[PDB]
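Computed over heavy atoms, backbone and side chain alike; hydrogens, waters and symmetry mates excluded. Below, chains carry the letters A, B, ... as their sequence lines are ordered, and counting in each starts from 1.
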Amino acid sequence: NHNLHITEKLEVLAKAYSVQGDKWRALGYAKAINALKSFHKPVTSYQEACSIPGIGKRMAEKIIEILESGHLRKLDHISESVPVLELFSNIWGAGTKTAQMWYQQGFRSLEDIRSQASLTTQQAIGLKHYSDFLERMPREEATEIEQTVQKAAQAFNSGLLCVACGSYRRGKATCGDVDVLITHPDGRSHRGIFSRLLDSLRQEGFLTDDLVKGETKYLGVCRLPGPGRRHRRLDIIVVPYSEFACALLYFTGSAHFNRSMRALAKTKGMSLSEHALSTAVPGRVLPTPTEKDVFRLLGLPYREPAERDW
DNA sequence: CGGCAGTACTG
DNA sequence: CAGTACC
DNA sequence: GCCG
Ligand SMILES: [Mg+2]
Ligand code: NA
Ligand code: NA
Ligand code: NA
């Protein structure tokens with residue numbers, strides 16, 4: 001990154017817009033931050049700034065300011081509420097609307113939230129694990145969590161396939177959470193296993209809290225046995241076999257890679273979701289038995305998971 | 001002017 | 001439904 | 001915020 005003198009300044013703004021709920025502006029900043037950090041040289045001119053996709057007039061100007069006086073005026077006018085809104089929206093289950101409401105009601109600290117705020121069941125769990133959910137785990141711990149789910153699943157049916165995706169599948173050294181995708185080639189046995197599987201992982205003591213307990217998605221909290229262990233976020237998603245390749249791709253990400261893939265699909269009159277690659281104007285699901293087929297049908301060369309970490 | 005993703009949950 | 005979350 |  002030859003532009004952290006620009007990037008770290010823009011990240012303050014990006015985050016301020018995000019926690020205040022201006023998600024589109026915050027998206028624009030994030031896309032420019034990525035662009036800025038991947039270019040091969042320091043940006044030196046306004047017309048050089050305009051040259052990179054994702055940097056437009058207003059963002060060009062903002063680099064011009066940093067380029068010179070070494071600072072950005074806008075940064076000194078960010079609402080004093082931003083750090084508190086960030087604090088609050090880092091509670092799992094509380095987003096920008098809840099953070100702003102708590103702020104308006106006068107709360108300023110997690111002690112205020114603990115003592116005075118009305119919390120949903122999910123937010124109480126997020127508050128209880130506030131520090132734990134901000135930490136990343138070493139990838140060897142993600143492996144242990146994956147293999148815990150897999151052995152519990154394969155005990156029920158040995159043909160169940162279980163794959164940790166997210167940053168773990170992209171080869172990263174640490175992971176914020178473990179996303180375990182499960183399917184079955186028979187196209188049928190995947191159905192209605194949560195009953196047994198979640199009971200099994202609960203029996204262990206492995207599952208400590210449930211955030212979402214749905215027909216096809218589980219989101220919750222686990223902890224491995226022994227001393228010195230943290231609570232970790234764990235998602236388990238069960239998918240029909242025919243959707244496995246698109247699910248793998250989506251839940252492997254990264255989020256910005258998926259975003260680029262959806263736009264490319266749109267340019268070709270298709271749609272790409274976690275369930276399928278389709279035509280669009282319902283639409284025709286195209287057959288994608290493997291991740292390679294998704295790339296091929298988009299006219300793209302295959303990228304293994306590790307070079308999707310955008 | 002307006003999309004920038006579409007679901008799956010929760011209550 | 002609005003809000004939040006998944007990548 | 002960017003871009004078409
Ligand atoms: Mg993940
Ligand atoms: Na540009
Ligand atoms: Na949150
Ligand atoms: Na996850």
Rounded to whole Å, CD1 of A:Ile125 lies from P of B:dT10 at a distance of 11 Å

Measure the distance from CD on A:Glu243 to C1' on B:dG6 and round it to the nearest whole Å. 13 Å

Measure from CZ on A:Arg259 to P on B:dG3 and round the result to the nearest Å. 15 Å

Among B:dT10, D:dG1, C:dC6, which is the nearest nucleotide to the side chain of A:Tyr17? D:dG1

A:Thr121 has its side chain closest, among C:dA5, B:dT10, B:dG11, to B:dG11

Identify which nucleotide among B:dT10, D:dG1, C:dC7 has an atom closest to any side-chain atom of A:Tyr29, counting heavy atoms from C-beta outward. D:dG1

Less than 3.5 Å apart, any donor N or O on the side chain of A:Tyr168 or A:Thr252 sitting next to an acceptor on the other? no

A:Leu219 CG to B:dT10 P, straight-line distance once rounded to whole Å: 9 Å

If the cut-off is 4.0 Å, is A:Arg25 near the phosphate of B:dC4, judged by side-chain N/O to OP1 or OP2? no

Quick test of the criterion, 5.5 Å between centres and less than 30° between planes. Is A:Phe251 stacked on C:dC6 or not? no

Looking at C1'-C2'-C3'-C4', which way does the sugar of C:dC1 lean, north or south? north

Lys/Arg N to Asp/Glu carboxylate O, A:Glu111 vs A:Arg114, below 4.0 Å: yes

Pairwise P distance, B:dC4 and C:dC6 [rounded to whole Å]: 22 Å

Using atom CG of A:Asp179 as one end and atom P of B:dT7 as the other, report the distance to the nearest whole Å. 20 Å

Output the rounded distance in Å from CG (A:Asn258) to P (C:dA5). 18 Å

Within the 6.0 Å centroid threshold, strictly below: A:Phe88 and A:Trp102: yes

Options B:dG11, C:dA5, C:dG3, nucleotide nearest the side-chain atoms of A:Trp92: C:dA5

B:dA5 base / A:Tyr250 side chain donor-acceptor hit below 3.5 Å: yes

Could you state the atom-to-atom distance from CG of A:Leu119 to P of C:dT4 in whole Å? 13 Å

Any donor and acceptor pair, going by atom type alone, linking the side chain of A:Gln123 with main-chain N or O of A:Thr120 inside 3.5 Å? yes

Compare side-chain N and O positions of A:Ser89 against OP1 and OP2 of C:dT4 and report whether any pair is under 4.0 Å apart. no

For C:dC6, the Watson-Crick or wobble counterpart (both distances under 3.5 Å): B:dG6

Look at the side chain of A:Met59 and decide which nucleotide, out of B:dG11, D:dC2, C:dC7, has an atom nearest to it. D:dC2

Between B:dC4, B:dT10, B:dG11, which nucleotide has the shortest distance from any of its atoms to the side chain of A:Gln122? B:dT10

Select from A:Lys266 and A:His275 the residue whose nearest nucleotide in DNA chain B is closer to the 5' end of that strand. A:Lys266

When the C1' atoms of B:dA5 and C:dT4 are compared, how many Å lie between them, rounded to an integer? 15 Å

Students often get this wrong, so: under 4.0 angstrom with heavy atoms, is A:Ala94 touching a base, only sugar-phosphate, or nothing? sugar-phosphate

Any idea how A:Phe257 and A:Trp310 line up, ring-wise: parallel (<30°), tilted (30 to 60°), or perpendicular (>60°)? perpendicular

Between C1' on B:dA5 and CZ on A:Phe257, what's the gap in Å once rounded to a whole number? 15 Å

Counting N and O atoms only, with roles assigned by atom type, does the side chain of A:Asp209 sit under 3.5 Å from a partner on the main chain of A:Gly220, one being a donor and the other an acceptor? no

Applying a 4.0 Å non-hydrogen cut-off, can you work out what A:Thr98 is touching in the nucleic acid: base, sugar-phosphate, or nothing? sugar-phosphate

Of the nucleotides C:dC7, B:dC9, C:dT4, which one has an atom closest to the side chain of A:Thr216? B:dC9

